[PDB]
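For reference, the chain that follows is the form deposited in one PDB entry, supplied as structure tokens.
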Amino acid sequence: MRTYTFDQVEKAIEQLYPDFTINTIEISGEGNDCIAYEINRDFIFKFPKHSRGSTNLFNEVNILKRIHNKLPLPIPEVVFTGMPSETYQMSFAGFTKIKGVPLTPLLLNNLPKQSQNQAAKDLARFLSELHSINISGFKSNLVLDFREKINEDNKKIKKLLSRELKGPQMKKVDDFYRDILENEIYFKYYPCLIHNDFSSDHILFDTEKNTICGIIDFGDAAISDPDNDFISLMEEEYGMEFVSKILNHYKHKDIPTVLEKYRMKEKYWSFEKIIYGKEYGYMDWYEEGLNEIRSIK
């Protein structure tokens, strides 16, 4: 999992964009996939920490380009792109920086009621349009069929914890995965483009106008279940009271299902920690997930 010096970042950009003068550069943030650099306080440059992260970066670029000027809220726009190597699909990507601060649950509840209501309505309107984008042309590398995902994870879990679990413990894993695949509600959704990481950290807020001024980080965006973008808002995120406002402005017809999917995904995070803990090499995630699996059902 690679890192970069400011010297390296400036070199990589100069190679492809010589006339682009860099005056200021600092670490804006860091995720599991990329390190974010704020350059000239105008752009956010994402550099992949590893090969897997570069694929996410490549997909974010692809998705952001085709949904450009189709959404009611400002989203990052691709301005600079890197090159493929034998290690990365995308060496880097430069996006427009969206000004604003994360709409934290604490900031949200300190707002006047009219601003809170407008925030819920703006979020619902954004999701309504996002989930309505024509997803034909989006190739299967952007498609996240949930049933395929569950079945693929199961095979990964078996191959991973084959010698890590005792008899009865692996039986519970079989039971849990069977109960999920047995429930038709998890797979009956109409596939749409989703943000797939729709939380408070990625909802930027303009404190001067008291309005939401951007949605960022589309690195996990894919064609899947629209309910994913509501579940992610109640995980520590927004209270159920505020999400219900969004859901009702969204005209959602089956809230208890969203809550059921919410409970399932909460329990499912244990298995995610095993897979990601071994893929991303997060040995603390692996041991956490392994401890949790060895305990409940």
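The first residue of the shown sequence is 1; numbering continues from there. Only residues modelled in both forms are compared. Rigid core: the largest C-alpha set superposing within 1.5 Å between the two forms.
Same protein, other form: the form deposited in another entry, not shown, and the subject of what follows.
S.K.: Let me spell it out: fit the two forms on their rigid core, measure each listed C-alpha, and pick the one of 156, 125, 202, 131 that moves 2 Å or more between the shown form and the other one. Which is it?
M.R.: Everything else stays below 2 Å; the exception is 156.
S.K.: Closer or farther: the CA pair residue 283/residue 54 in the other entry, versus this form, with a change of 3 Å or more?
M.R.: It is farther: in the other entry, the C-alpha atoms of residue 283 and residue 54 lie at least 3 Å more apart than they do here.
S.K.: Relative to the superposed rigid core, which consecutive-residue segments of length 3 or more display CA displacements of 2 Å or more between the shown form and the other one?
M.R.: Runs found: 145-178, 269-297, listed by sequence.
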